[PDB]
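Report on one structure; see the data block that follows.
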2 protein chains.
Amino acid sequence: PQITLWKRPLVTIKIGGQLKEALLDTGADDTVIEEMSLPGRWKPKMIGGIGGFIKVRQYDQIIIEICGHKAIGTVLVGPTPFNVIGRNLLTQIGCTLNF
Amino acid sequence: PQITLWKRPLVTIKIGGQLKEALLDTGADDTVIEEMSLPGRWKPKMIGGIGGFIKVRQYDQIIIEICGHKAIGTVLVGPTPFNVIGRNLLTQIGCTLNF
Ligand SMILES: Cc1ccccc1CNC(=O)[C@H]1N(C(=O)[C@@H](O)[C@H](Cc2ccccc2)NC(=O)c2cccc(O)c2C)CSC1(C)C
């Protein structure tokens with residue numbers, strides 16, 4: 001669909017069969033989500049945000065549905081203000097910016 | 001235009017007579033720019049994201065030129081790692097997310 005930006009672009013996503021609210025974030029290279037349980041091993045990763053760097057747990061090939069579209073990619077778990085859907089997954093659902 | 005998200009959606013903008021590179025950011029409520037001089041009054045503000053909060057100076061009714069467009073609105077100036085064009089200005093140029 002088409003999402004205008006007068007309000008935060010918050011959508012419903014599904015991870016591990018559980019529904020959650022997330023933000024479509026074109027300014028984030030990666031997808032960062034709140035603490036939750038995920039399958040498999042994770043590896044270390046540091047990301048730089050507006051306030052500085054933080055450590056997160058990186059889980060690859062995680063199945064995640066975004067507003068109906070299924071994607072399978074890297075998800076980072078850590079202390080984030082919002083569940084953020086970054087470019088790595090926005091590209092998977094064919095999301096683009098238009099104006 | 002239609003901007004794909006394979007890479008960071010960076011654009012050149014003109015603010016306060018200065019040219020700067022900036023990131024089109026749907027995850028940002030407002031526009032935040034690196035330290036620079038801007039006309040008019042301002043008030044302190046704290047904004048947070050990944051990594052925590054930073055203090056910025058809020059200036060209202062600031063004019064910015066972006067991709068052939070002239071947008072007007074609030075601009076926050078502070079120690080941001082990236083210059084980001086937020087929703088407050090993205091809406092003014094008719095930016096939307098599509099998939
Ligand atoms: C920018 C602004 C303006 C007004 C009010 C609050 C804020 C702060 N908002 C935010 O920080 C929001 N974030 C955003 O809007 C993001 O697009 C953010 C932009 C950015 C990039 C480089 C330096 C600094 C900022 N990007 C990242 O944090 C980011 C950047 C690179 C990789 C990565 O995995 C991530 C998560 C993600 S967390 C958030 C949804 C709260």
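Ordering of the structure tokens sets the chain letters (A, B, ...); residue numbers start at 1 within each chain; ligands are numbered from 1 in the order shown.
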
Within-7 Å residues of ligand 1, basis only C-alpha atoms and all ligand atoms, as a ChimeraX atom specification:
/A:23,25-32,47-50,80-82,84,86 /B:25-32,47-50,80-82,84,86

Writer output for current selection, N, CA and C atoms, as a compact mmCIF listing (two decimals), in the first residue's frame:
# COMPACT_ATOMS: atom_id res chain seq x y z
N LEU A 23 8.19 0.07 13.45
CA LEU A 23 8.29 1.30 12.67
C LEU A 23 9.08 1.09 11.38
N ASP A 25 11.49 2.18 9.12
CA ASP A 25 12.57 3.15 9.26
C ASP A 25 13.61 3.18 8.14
N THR A 26 13.46 4.11 7.20
CA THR A 26 14.40 4.22 6.09
C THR A 26 15.77 4.74 6.53
N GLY A 27 15.85 5.26 7.75
CA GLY A 27 17.13 5.77 8.24
C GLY A 27 17.98 4.75 8.98
N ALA A 28 17.49 3.52 9.07
CA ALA A 28 18.22 2.46 9.75
C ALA A 28 18.66 1.39 8.75
N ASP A 29 19.94 1.04 8.74
CA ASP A 29 20.40 0.01 7.80
C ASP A 29 19.88 -1.37 8.20
N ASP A 30 19.77 -1.58 9.51
CA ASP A 30 19.34 -2.87 10.06
C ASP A 30 17.98 -2.83 10.77
N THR A 31 17.50 -4.02 11.10
CA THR A 31 16.23 -4.16 11.81
C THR A 31 16.57 -4.47 13.27
N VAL A 32 16.12 -3.60 14.17
CA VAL A 32 16.38 -3.76 15.59
C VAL A 32 15.07 -3.98 16.34
N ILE A 47 25.92 -1.29 16.89
CA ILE A 47 25.30 -0.37 15.95
C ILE A 47 25.36 1.04 16.51
N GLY A 48 25.46 2.02 15.62
CA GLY A 48 25.53 3.41 16.05
C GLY A 48 24.21 4.12 15.82
N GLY A 49 23.63 4.64 16.90
CA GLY A 49 22.37 5.35 16.81
C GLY A 49 22.55 6.83 17.08
N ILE A 50 21.45 7.54 17.29
CA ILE A 50 21.54 8.97 17.55
C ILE A 50 22.26 9.29 18.87
N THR A 80 16.13 -1.00 22.30
CA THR A 80 15.70 -0.03 21.31
C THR A 80 14.38 0.63 21.72
N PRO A 81 14.23 1.93 21.42
CA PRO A 81 13.03 2.70 21.74
C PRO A 81 11.79 2.13 21.06
N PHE A 82 11.98 1.66 19.82
CA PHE A 82 10.90 1.06 19.03
C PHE A 82 11.42 -0.16 18.29
N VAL A 84 12.28 -1.47 15.18
CA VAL A 84 12.54 -0.80 13.92
C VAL A 84 12.81 -1.75 12.75
N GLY A 86 14.39 -1.97 9.44
CA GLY A 86 15.36 -1.26 8.62
C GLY A 86 15.41 -1.67 7.16
N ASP B 25 14.81 10.11 6.43
CA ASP B 25 14.52 9.20 7.53
C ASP B 25 13.07 9.13 8.02
N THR B 26 12.35 8.08 7.62
CA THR B 26 10.95 7.92 8.03
C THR B 26 10.83 7.59 9.52
N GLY B 27 11.92 7.11 10.12
CA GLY B 27 11.88 6.78 11.54
C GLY B 27 12.05 7.99 12.45
N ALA B 28 12.41 9.13 11.87
CA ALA B 28 12.61 10.36 12.63
C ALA B 28 11.39 11.28 12.63
N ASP B 29 10.90 11.64 13.81
CA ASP B 29 9.75 12.53 13.90
C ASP B 29 10.11 13.89 13.31
N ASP B 30 11.31 14.35 13.63
CA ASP B 30 11.79 15.64 13.19
C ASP B 30 13.13 15.60 12.47
N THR B 31 13.52 16.76 11.94
CA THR B 31 14.77 16.91 11.23
C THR B 31 15.84 17.37 12.21
N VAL B 32 17.00 16.71 12.16
CA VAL B 32 18.11 17.04 13.04
C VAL B 32 19.36 17.23 12.19
N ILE B 47 16.29 14.65 22.54
CA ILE B 47 15.68 13.67 21.66
C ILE B 47 16.44 12.37 21.81
N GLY B 48 15.71 11.26 21.76
CA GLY B 48 16.37 9.98 21.93
C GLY B 48 16.04 8.93 20.89
N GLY B 49 16.97 7.98 20.76
CA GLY B 49 16.83 6.88 19.82
C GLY B 49 17.80 5.80 20.26
N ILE B 50 18.30 5.00 19.33
CA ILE B 50 19.25 3.96 19.68
C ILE B 50 20.48 4.62 20.30
N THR B 80 24.38 15.38 16.35
CA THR B 80 23.85 14.18 15.72
C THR B 80 24.94 13.58 14.83
N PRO B 81 25.04 12.24 14.80
CA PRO B 81 26.06 11.58 13.97
C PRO B 81 25.73 11.70 12.48
N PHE B 82 24.44 11.81 12.16
CA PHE B 82 23.98 11.93 10.78
C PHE B 82 22.98 13.06 10.63
N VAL B 84 19.69 14.19 9.40
CA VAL B 84 18.50 13.47 8.97
C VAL B 84 17.30 14.36 8.72
N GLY B 86 13.56 14.51 8.80
CA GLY B 86 12.48 13.76 9.41
C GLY B 86 11.11 13.95 8.79

Onto chain A, please fit chain B by least squares using all C-alpha atoms in order, then return the transformed chain as a compact mmCIF listing (two decimals) with N, CA, C and O atoms, in the first residue's frame.
# COMPACT_ATOMS: atom_id res chain seq x y z
N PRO B 1 0.77 -0.46 -1.12
CA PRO B 1 0.13 0.67 -0.42
C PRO B 1 1.02 1.91 -0.42
O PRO B 1 2.23 1.82 -0.61
N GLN B 2 0.41 3.08 -0.20
CA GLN B 2 1.15 4.33 -0.14
C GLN B 2 0.97 4.91 1.26
O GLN B 2 -0.13 5.30 1.64
N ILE B 3 2.06 4.95 2.01
CA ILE B 3 2.02 5.46 3.38
C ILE B 3 2.51 6.89 3.47
O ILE B 3 3.67 7.18 3.17
N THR B 4 1.62 7.80 3.88
CA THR B 4 1.99 9.19 4.03
C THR B 4 2.83 9.31 5.30
O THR B 4 2.80 8.41 6.14
N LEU B 5 3.56 10.40 5.45
CA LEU B 5 4.42 10.55 6.60
C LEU B 5 4.02 11.60 7.63
O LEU B 5 4.86 12.10 8.37
N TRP B 6 2.73 11.91 7.69
CA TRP B 6 2.22 12.88 8.65
C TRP B 6 2.46 12.37 10.07
O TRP B 6 2.65 13.16 11.00
N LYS B 7 2.44 11.05 10.22
CA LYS B 7 2.67 10.41 11.51
C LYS B 7 3.67 9.28 11.31
O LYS B 7 4.01 8.92 10.18
N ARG B 8 4.14 8.70 12.41
CA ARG B 8 5.09 7.60 12.33
C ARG B 8 4.48 6.43 11.58
O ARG B 8 3.34 6.04 11.83
N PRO B 9 5.23 5.87 10.61
CA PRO B 9 4.75 4.74 9.82
C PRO B 9 4.88 3.45 10.62
O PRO B 9 5.85 2.70 10.45
N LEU B 10 3.91 3.20 11.49
CA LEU B 10 3.90 2.01 12.33
C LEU B 10 3.07 0.88 11.73
O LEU B 10 2.00 1.11 11.16
N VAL B 11 3.55 -0.35 11.88
CA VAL B 11 2.85 -1.52 11.37
C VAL B 11 2.92 -2.64 12.39
O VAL B 11 3.77 -2.61 13.29
N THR B 12 2.03 -3.61 12.27
CA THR B 12 2.04 -4.75 13.17
C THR B 12 2.80 -5.84 12.46
O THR B 12 2.58 -6.09 11.27
N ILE B 13 3.72 -6.49 13.16
CA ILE B 13 4.49 -7.56 12.56
C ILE B 13 4.38 -8.80 13.43
O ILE B 13 3.95 -8.73 14.59
N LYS B 14 4.76 -9.95 12.87
CA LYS B 14 4.75 -11.19 13.61
C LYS B 14 6.15 -11.79 13.53
O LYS B 14 6.63 -12.10 12.44
N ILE B 15 6.80 -11.92 14.67
CA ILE B 15 8.15 -12.47 14.72
C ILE B 15 8.28 -13.45 15.88
O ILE B 15 7.83 -13.18 16.99
N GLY B 16 8.89 -14.60 15.60
CA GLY B 16 9.04 -15.60 16.64
C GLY B 16 7.70 -15.97 17.25
O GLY B 16 7.61 -16.25 18.45
N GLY B 17 6.65 -15.96 16.44
CA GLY B 17 5.33 -16.29 16.93
C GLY B 17 4.68 -15.17 17.73
O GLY B 17 3.53 -15.30 18.15
N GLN B 18 5.42 -14.08 17.94
CA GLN B 18 4.91 -12.95 18.71
C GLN B 18 4.46 -11.79 17.81
O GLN B 18 5.05 -11.55 16.76
N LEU B 19 3.42 -11.09 18.25
CA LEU B 19 2.95 -9.93 17.50
C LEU B 19 3.59 -8.71 18.15
O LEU B 19 3.69 -8.63 19.37
N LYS B 20 4.05 -7.78 17.32
CA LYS B 20 4.68 -6.57 17.82
C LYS B 20 4.40 -5.41 16.89
O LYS B 20 4.07 -5.60 15.71
N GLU B 21 4.50 -4.20 17.42
CA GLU B 21 4.30 -2.99 16.63
C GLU B 21 5.71 -2.55 16.24
O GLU B 21 6.64 -2.63 17.04
N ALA B 22 5.88 -2.10 15.00
CA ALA B 22 7.19 -1.67 14.54
C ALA B 22 7.13 -0.48 13.60
O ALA B 22 6.13 -0.23 12.94
N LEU B 23 8.24 0.25 13.55
CA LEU B 23 8.38 1.45 12.73
C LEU B 23 9.12 1.18 11.42
O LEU B 23 10.25 0.68 11.44
N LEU B 24 8.49 1.49 10.30
CA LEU B 24 9.13 1.31 8.99
C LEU B 24 10.20 2.39 8.96
O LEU B 24 9.89 3.59 8.89
N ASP B 25 11.47 1.98 8.99
CA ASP B 25 12.57 2.93 9.07
C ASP B 25 13.62 2.90 7.95
O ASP B 25 14.51 2.05 7.95
N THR B 26 13.53 3.84 7.01
CA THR B 26 14.49 3.90 5.91
C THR B 26 15.89 4.31 6.37
O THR B 26 16.87 4.08 5.68
N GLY B 27 15.97 4.93 7.55
CA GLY B 27 17.26 5.35 8.06
C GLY B 27 18.05 4.23 8.73
O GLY B 27 19.23 4.38 9.04
N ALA B 28 17.39 3.09 8.94
CA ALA B 28 18.01 1.93 9.59
C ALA B 28 18.55 0.91 8.59
O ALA B 28 17.80 0.42 7.75
N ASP B 29 19.83 0.58 8.68
CA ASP B 29 20.42 -0.41 7.78
C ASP B 29 19.76 -1.76 8.02
O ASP B 29 19.46 -2.50 7.08
N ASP B 30 19.55 -2.08 9.29
CA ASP B 30 18.98 -3.35 9.69
C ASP B 30 17.77 -3.23 10.60
O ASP B 30 17.41 -2.14 11.05
N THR B 31 17.15 -4.37 10.86
CA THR B 31 15.98 -4.45 11.71
C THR B 31 16.43 -4.73 13.14
O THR B 31 17.27 -5.61 13.38
N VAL B 32 15.88 -3.98 14.09
CA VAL B 32 16.22 -4.14 15.50
C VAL B 32 14.93 -4.26 16.29
O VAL B 32 14.02 -3.44 16.15
N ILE B 33 14.87 -5.28 17.14
CA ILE B 33 13.68 -5.53 17.94
C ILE B 33 14.02 -5.64 19.43
O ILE B 33 15.13 -6.06 19.80
N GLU B 34 13.07 -5.25 20.27
CA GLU B 34 13.22 -5.30 21.72
C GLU B 34 13.54 -6.72 22.16
O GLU B 34 13.29 -7.67 21.41
N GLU B 35 14.07 -6.87 23.37
CA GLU B 35 14.42 -8.19 23.89
C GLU B 35 13.32 -9.22 23.72
O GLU B 35 12.16 -8.99 24.08
N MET B 36 13.70 -10.36 23.16
CA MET B 36 12.79 -11.46 22.92
C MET B 36 13.64 -12.69 22.62
O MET B 36 14.85 -12.58 22.40
N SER B 37 13.00 -13.85 22.60
CA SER B 37 13.71 -15.08 22.31
C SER B 37 13.58 -15.42 20.83
O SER B 37 12.50 -15.34 20.26
N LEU B 38 14.70 -15.78 20.21
CA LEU B 38 14.71 -16.16 18.79
C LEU B 38 15.52 -17.44 18.62
O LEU B 38 16.50 -17.67 19.33
N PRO B 39 15.11 -18.30 17.67
CA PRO B 39 15.77 -19.57 17.38
C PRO B 39 17.11 -19.42 16.68
O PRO B 39 17.36 -18.42 16.01
N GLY B 40 17.97 -20.42 16.84
CA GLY B 40 19.26 -20.41 16.19
C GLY B 40 20.39 -19.73 16.94
O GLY B 40 20.23 -19.29 18.08
N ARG B 41 21.54 -19.66 16.29
CA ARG B 41 22.72 -19.04 16.87
C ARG B 41 22.70 -17.53 16.68
O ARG B 41 21.95 -16.99 15.87
N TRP B 42 23.54 -16.85 17.46
CA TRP B 42 23.64 -15.40 17.38
C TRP B 42 25.05 -14.97 17.76
O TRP B 42 25.80 -15.72 18.38
N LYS B 43 25.40 -13.75 17.38
CA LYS B 43 26.70 -13.19 17.70
C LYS B 43 26.49 -11.74 18.13
O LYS B 43 25.55 -11.09 17.67
N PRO B 44 27.34 -11.24 19.03
CA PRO B 44 27.26 -9.87 19.55
C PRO B 44 27.56 -8.84 18.47
O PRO B 44 28.31 -9.11 17.52
N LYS B 45 26.98 -7.66 18.61
CA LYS B 45 27.19 -6.58 17.66
C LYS B 45 26.84 -5.26 18.33
O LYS B 45 26.02 -5.21 19.24
N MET B 46 27.48 -4.19 17.87
CA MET B 46 27.21 -2.86 18.41
C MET B 46 26.67 -2.01 17.27
O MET B 46 27.24 -2.00 16.18
N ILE B 47 25.57 -1.31 17.51
CA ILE B 47 25.00 -0.45 16.48
C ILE B 47 24.79 0.93 17.07
O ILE B 47 24.43 1.06 18.24
N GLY B 48 25.03 1.96 16.27
CA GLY B 48 24.88 3.31 16.78
C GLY B 48 24.05 4.25 15.94
O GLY B 48 23.89 4.06 14.73
N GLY B 49 23.53 5.27 16.61
CA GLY B 49 22.71 6.28 15.97
C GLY B 49 22.69 7.48 16.90
O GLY B 49 23.65 7.71 17.64
N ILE B 50 21.61 8.26 16.87
CA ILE B 50 21.51 9.41 17.76
C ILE B 50 21.57 8.91 19.20
O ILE B 50 20.85 7.99 19.57
N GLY B 51 22.45 9.50 20.00
CA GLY B 51 22.56 9.08 21.38
C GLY B 51 23.66 8.07 21.67
O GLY B 51 23.99 7.82 22.83
N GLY B 52 24.23 7.48 20.63
CA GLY B 52 25.30 6.52 20.85
C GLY B 52 25.02 5.11 20.39
O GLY B 52 24.13 4.88 19.56
N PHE B 53 25.76 4.15 20.93
CA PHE B 53 25.63 2.75 20.57
C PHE B 53 24.99 1.85 21.62
O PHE B 53 25.05 2.13 22.82
N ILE B 54 24.36 0.77 21.16
CA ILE B 54 23.79 -0.21 22.06
C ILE B 54 24.30 -1.56 21.57
O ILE B 54 24.62 -1.71 20.38
N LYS B 55 24.41 -2.52 22.48
CA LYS B 55 24.86 -3.85 22.11
C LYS B 55 23.61 -4.68 21.80
O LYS B 55 22.61 -4.60 22.51
N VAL B 56 23.68 -5.46 20.73
CA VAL B 56 22.55 -6.29 20.33
C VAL B 56 23.03 -7.69 19.95
O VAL B 56 24.22 -7.90 19.75
N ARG B 57 22.10 -8.63 19.86
CA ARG B 57 22.45 -9.99 19.46
C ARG B 57 21.98 -10.12 18.01
O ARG B 57 20.84 -9.82 17.70
N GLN B 58 22.88 -10.55 17.14
CA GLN B 58 22.52 -10.69 15.74
C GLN B 58 22.10 -12.12 15.39
O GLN B 58 22.84 -13.07 15.63
N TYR B 59 20.89 -12.25 14.84
CA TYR B 59 20.38 -13.55 14.41
C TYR B 59 20.15 -13.45 12.90
O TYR B 59 19.56 -12.47 12.44
N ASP B 60 20.60 -14.44 12.15
CA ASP B 60 20.41 -14.41 10.70
C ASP B 60 19.29 -15.35 10.30
O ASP B 60 18.87 -16.21 11.08
N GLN B 61 18.80 -15.18 9.07
CA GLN B 61 17.74 -16.02 8.53
C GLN B 61 16.50 -16.12 9.42
O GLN B 61 15.94 -17.20 9.61
N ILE B 62 16.07 -14.98 9.96
CA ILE B 62 14.88 -14.93 10.80
C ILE B 62 13.69 -14.53 9.93
O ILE B 62 13.79 -13.62 9.11
N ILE B 63 12.57 -15.23 10.10
CA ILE B 63 11.39 -14.93 9.31
C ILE B 63 10.45 -13.99 10.05
O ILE B 63 10.16 -14.19 11.23
N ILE B 64 9.98 -12.96 9.35
CA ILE B 64 9.06 -12.00 9.92
C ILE B 64 7.88 -11.78 8.98
O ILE B 64 8.03 -11.77 7.76
N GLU B 65 6.70 -11.62 9.57
CA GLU B 65 5.49 -11.38 8.79
C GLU B 65 5.14 -9.91 8.96
O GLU B 65 5.02 -9.41 10.09
N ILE B 66 5.00 -9.20 7.85
CA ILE B 66 4.69 -7.78 7.88
C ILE B 66 3.75 -7.36 6.76
O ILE B 66 4.06 -7.53 5.58
N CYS B 67 2.60 -6.81 7.15
CA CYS B 67 1.59 -6.34 6.20
C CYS B 67 1.28 -7.36 5.11
O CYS B 67 1.33 -7.05 3.92
N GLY B 68 0.96 -8.58 5.53
CA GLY B 68 0.63 -9.63 4.57
C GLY B 68 1.81 -10.19 3.80
O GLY B 68 1.63 -10.99 2.89
N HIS B 69 3.02 -9.79 4.17
CA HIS B 69 4.20 -10.29 3.48
C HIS B 69 5.09 -11.11 4.40
O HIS B 69 5.09 -10.92 5.61
N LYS B 70 5.84 -12.03 3.80
CA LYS B 70 6.78 -12.87 4.55
C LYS B 70 8.19 -12.51 4.10
O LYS B 70 8.58 -12.77 2.96
N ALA B 71 8.96 -11.91 5.00
CA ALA B 71 10.34 -11.53 4.69
C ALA B 71 11.31 -12.33 5.54
O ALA B 71 10.99 -12.71 6.67
N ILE B 72 12.50 -12.58 5.00
CA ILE B 72 13.53 -13.32 5.70
C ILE B 72 14.84 -12.55 5.73
O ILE B 72 15.26 -11.98 4.71
N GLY B 73 15.50 -12.54 6.88
CA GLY B 73 16.77 -11.83 6.99
C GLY B 73 17.29 -11.71 8.41
O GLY B 73 16.79 -12.34 9.33
N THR B 74 18.33 -10.90 8.57
CA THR B 74 18.94 -10.68 9.87
C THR B 74 18.06 -9.81 10.76
O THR B 74 17.43 -8.87 10.29
N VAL B 75 18.00 -10.16 12.04
CA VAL B 75 17.24 -9.38 13.00
C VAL B 75 18.17 -9.19 14.19
O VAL B 75 18.79 -10.15 14.67
N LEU B 76 18.28 -7.95 14.65
CA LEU B 76 19.12 -7.63 15.79
C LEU B 76 18.21 -7.46 17.00
O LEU B 76 17.21 -6.75 16.94
N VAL B 77 18.55 -8.13 18.10
CA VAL B 77 17.75 -8.05 19.33
C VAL B 77 18.53 -7.36 20.44
O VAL B 77 19.67 -7.74 20.74
N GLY B 78 17.92 -6.36 21.05
CA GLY B 78 18.58 -5.63 22.11
C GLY B 78 17.72 -4.57 22.78
O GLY B 78 16.52 -4.50 22.53
N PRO B 79 18.32 -3.71 23.62
CA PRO B 79 17.57 -2.66 24.31
C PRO B 79 17.25 -1.44 23.46
O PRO B 79 17.63 -0.32 23.81
N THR B 80 16.57 -1.66 22.34
CA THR B 80 16.20 -0.56 21.46
C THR B 80 14.93 0.08 22.01
O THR B 80 14.05 -0.61 22.52
N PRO B 81 14.83 1.42 21.93
CA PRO B 81 13.64 2.12 22.43
C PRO B 81 12.42 1.87 21.53
O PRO B 81 11.28 1.92 21.98
N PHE B 82 12.67 1.61 20.25
CA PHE B 82 11.61 1.36 19.27
C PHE B 82 11.92 0.12 18.44
O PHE B 82 13.08 -0.13 18.11
N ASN B 83 10.89 -0.64 18.09
CA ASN B 83 11.10 -1.79 17.22
C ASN B 83 11.13 -1.16 15.84
O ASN B 83 10.20 -0.45 15.46
N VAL B 84 12.21 -1.39 15.09
CA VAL B 84 12.30 -0.82 13.76
C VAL B 84 12.59 -1.85 12.67
O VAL B 84 13.42 -2.73 12.84
N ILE B 85 11.87 -1.72 11.56
CA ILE B 85 12.07 -2.60 10.42
C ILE B 85 13.02 -1.82 9.52
O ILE B 85 12.66 -0.75 9.01
N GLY B 86 14.23 -2.34 9.34
CA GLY B 86 15.22 -1.66 8.53
C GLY B 86 15.23 -2.03 7.06
O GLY B 86 14.43 -2.84 6.60
N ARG B 87 16.15 -1.41 6.32
CA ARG B 87 16.25 -1.64 4.88
C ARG B 87 16.43 -3.11 4.50
O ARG B 87 15.90 -3.53 3.48
N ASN B 88 17.16 -3.88 5.31
CA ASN B 88 17.39 -5.28 4.96
C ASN B 88 16.08 -6.02 4.74
O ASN B 88 16.03 -6.95 3.94
N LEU B 89 15.02 -5.61 5.44
CA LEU B 89 13.72 -6.25 5.27
C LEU B 89 12.76 -5.40 4.42
O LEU B 89 11.89 -5.93 3.73
N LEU B 90 12.92 -4.07 4.46
CA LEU B 90 12.05 -3.20 3.67
C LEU B 90 12.18 -3.52 2.18
O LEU B 90 11.20 -3.48 1.43
N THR B 91 13.40 -3.85 1.75
CA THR B 91 13.63 -4.18 0.35
C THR B 91 12.86 -5.43 -0.05
O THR B 91 12.30 -5.50 -1.15
N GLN B 92 12.82 -6.41 0.85
CA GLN B 92 12.15 -7.67 0.57
C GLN B 92 10.65 -7.55 0.31
O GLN B 92 10.06 -8.39 -0.36
N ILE B 93 10.03 -6.51 0.85
CA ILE B 93 8.60 -6.33 0.61
C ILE B 93 8.38 -5.28 -0.47
O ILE B 93 7.26 -4.83 -0.70
N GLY B 94 9.47 -4.90 -1.14
CA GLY B 94 9.38 -3.92 -2.20
C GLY B 94 9.05 -2.50 -1.78
O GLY B 94 8.33 -1.78 -2.49
N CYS B 95 9.57 -2.08 -0.63
CA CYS B 95 9.33 -0.72 -0.15
C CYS B 95 10.22 0.28 -0.85
O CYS B 95 11.42 0.03 -1.02
N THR B 96 9.65 1.40 -1.26
CA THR B 96 10.41 2.46 -1.91
C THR B 96 9.92 3.82 -1.41
O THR B 96 8.81 3.94 -0.90
N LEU B 97 10.78 4.82 -1.53
CA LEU B 97 10.44 6.19 -1.15
C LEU B 97 10.10 6.89 -2.46
O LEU B 97 10.77 6.67 -3.47
N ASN B 98 9.06 7.71 -2.44
CA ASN B 98 8.66 8.41 -3.66
C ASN B 98 8.24 9.86 -3.41
O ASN B 98 7.57 10.16 -2.42
N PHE B 99 8.66 10.74 -4.31
CA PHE B 99 8.31 12.16 -4.25
C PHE B 99 8.62 12.82 -5.59
O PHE B 99 8.57 14.06 -5.68

Based on DSSP run over this structure's backbone, return all residues of stretch 2-99 of chain B in strand (DSSP E), as a PyMOL selection string.
chain B and resi 2-3+10-15+18-24+31-33+43-49+52-66+69-77+84-85+96-98

Please return, as a PyMOL selection string, all residues of chain B that DSSP assigns to helix (DSSP H, G or I) on the basis of the backbone.
chain B and resi 87-93
